[PDB]
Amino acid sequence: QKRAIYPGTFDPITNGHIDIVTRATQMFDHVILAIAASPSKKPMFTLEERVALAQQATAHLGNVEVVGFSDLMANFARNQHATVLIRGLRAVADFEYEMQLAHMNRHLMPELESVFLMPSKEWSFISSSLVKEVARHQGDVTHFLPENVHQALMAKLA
C-alpha cells in the first residue's frame, strides 16, 4: 500500500544512499529510488549510467524500484502515487535547506509527506560531491562506494 519516493541526483550512488534506501525499505511497502534526469550542473555520470549503477547496487533490495525522472520531482511523485518523500539527513546536512525544500514540496503536493531518515555514523559525514571531487583529484574513495560504482568511477576518470 504505502509507496515512498527517495529522489536525488545520485551522481554517483554511494554507500550513504544505500544505507538510507535500505532503512526506507524496512518501513515502507514500496520504495521508488528516483533519479533526476537533468540536474542543473552537468552530472559526472549520465542518467543512463546513474540508473544502471543504482539498479545494480540495489538489486538485492526487493521492494526498491529505480526510475529516472525529469522536471519537477513533486509532479513525478504525484503521477507515481507516492505519499511518502524520503530525505536522508547526514550530520553535516544543511538543515535549513532541507526545511525550505520540504515546505516547498509540501506546498506543491501536500499529500506527499516528507520523512527524514538518519544514516549510520559511518556515512554521516560524506557527500557525493566530496567523493567525486576527491576522486577527480587522485584520492581513495573506494570505502564510500558500492563495488560496481567504484569500478565505473575508475573507468570514468581514466
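Just count from 1 along the sequence shown to find any residue number.
The stretch with the higher mean CA B factor, choosing between 93-101 and 112-120, is 93-101.
Averaged over their C-alpha atoms, the temperature factors of 29-37 and 56-64 are higher for 56-64. Compared with the other modelled residues of the chain, the Cα B-factor recorded for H107 ranks in the lowest third. The PDB entry assigns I5 a C-alpha temperature factor belonging to the lowest third of its chain's modelled residues. Sort the chain's modelled residues by C-alpha temperature factor and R136 lands in the highest third, per the entry.
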